[PDB]
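One structure is given here, and the rest of the page talks about it.
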Amino acid sequence: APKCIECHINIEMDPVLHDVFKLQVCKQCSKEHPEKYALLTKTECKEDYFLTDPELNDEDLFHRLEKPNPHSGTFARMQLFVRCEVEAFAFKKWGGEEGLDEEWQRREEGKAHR
Amino acid sequence: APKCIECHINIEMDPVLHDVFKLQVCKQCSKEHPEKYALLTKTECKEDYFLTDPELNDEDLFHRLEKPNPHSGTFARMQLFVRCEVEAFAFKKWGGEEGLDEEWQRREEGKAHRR
DNA sequence: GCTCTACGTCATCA
DNA sequence: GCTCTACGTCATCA
Ligand SMILES: [Zn+2]
Ligand SMILES: [Zn+2]
């Protein structure tokens, strides 16, 4: 029977990372590796990685988990993305982790200026 | 025998102004009163009256005629609005003809201000 | 550490 | 004298 790609031991996969994000990863390894497996809200994806609504809204581009808005169920649904997917897209977008850090810099100058 | 509200004479209403815009006006009177009856594109509505896409996209708020884009059938459809409806909404928005001018005035100052 | 839309402009592509 | 979307912050309201 198939094994978690992180630990090579667990055969019971985290339900969310597996069913929703297509990752053969166990709940414990997801906790141990947030740099890959942590779930980020849509808002966290824009502030951390400077992705736009059109790229995050693209059904064809990111897998996503939706939950009721924790502020109120009458508010727009919370959207959760897996860090490895969003990071990989942002690195292609801005050019690796350095490109991203240069774009970070670039905006502080903007906020300062403005 | 219902009459054009403008001339009170013609019995045959402009088919566009009547079917699409609900206006009991003959074609001849539409040409003689462009200040009420001229059809404006979506773009001329934003330029002339500072209405937004959300306003003009509201299906419940303006009648609209759609035509194929004259630049190309593959481009987004042309949308035609009747000046009297558009003008009346812009007069409420900006507070009359004077407020529309006052808003005109301020954007020129902005596009001198932006080098 | 919640999300959508709108303001706002203009360009670009369609 | 063609239209949509995107880029920008954001704020507001939901
Ligand atoms: Zn594991
Ligand atoms: Zn008439």
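Atoms considered below: every heavy atom in the structure, side chains included; atoms not considered: hydrogens, waters and symmetry mates. So you know, we letter chains A, B, ... as the sequences are listed, proteins then strands, and number each from 1.
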* Take the protein atom CD of A:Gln79 and the nucleotide atom P of C:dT5, then report the distance between them rounded to whole Å. => 11 Å
* To do: Scan residues 35-43 of chain A against DNA chain C and write down, sorted by residue number, each residue with any heavy atom closer than 4.0 Å; if none is found, say none.
  => A:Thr41, A:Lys42, A:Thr43
* Between D:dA6 atom P and A:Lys46 atom NZ, what is the distance in whole Å? -> 12 Å
* A:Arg83 charged N/C atom sitting above A:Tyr37 aromatic ring, 6.0 Å / 45° -> no
* To do: For side chain to side chain donor-acceptor pair (under 3.5 Å), just list the numbers for B:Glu6 and B:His33, CA-CA rounded to whole Å, side-chain angles, deciding distance to a tenth of an Å, and then say yes or no.
  => CA-CA 9 Å; B:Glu6 220 54 80; B:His33 302 284; 4.7 Å; no
* **B:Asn10/B:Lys27 under side chain to side chain donor-acceptor pair (under 3.5 Å): CA gap, chis, key distance, verdict** => CA-CA 9 Å; B:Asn10 271 323; B:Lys27 183 190 183 69; over 6 Å; no
* Whole-Å gap separating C1' (D:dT5) and CZ (B:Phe75) -> 14 Å
* Contact residues, residues 52-73 of chain A to DNA chain C [heavy atom, < 4.0 Å] -> A:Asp53, A:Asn69, A:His71
* Asked: Does the distance from a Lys or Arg side-chain N to an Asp or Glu carboxylate O, for A:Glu55 and A:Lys93, drop under 4.0 Å?
  -> yes
* To do: From the options B:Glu103, B:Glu108, B:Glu109, select the one residue that forms a salt bridge (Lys or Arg N to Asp or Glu O under 4.0 Å) with B:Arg106.
  => B:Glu103
* **Among D:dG8, D:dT3, D:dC10, the nucleotide that comes nearest once only the side chain of B:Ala76 is considered** => D:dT3
* Between C:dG1 atom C1' and A:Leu80 atom CG, what is the distance in whole Å? -> 12 Å
* Whole-Å distance separating the CZ atom of B:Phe50 from the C1' atom of C:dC10 -> 15 Å
* **Bracket notation of DNA chain D in which parentheses pair within the strand, [ ] cross earlier pairs, and | pairs with another strand (Watson-Crick or G-U, under 3.5 Å)** => ..........|...
* side-chain N/O B:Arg107 vs C:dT9 OP1/OP2, d < 4.0 Å -> yes
* Asked: Between C:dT3 atom P and A:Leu51 atom CG, what is the distance in whole Å?
  -> 13 Å
* **Gap between atoms CZ and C1', on B:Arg77 and D:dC2 respectively (whole Å)** => 13 Å
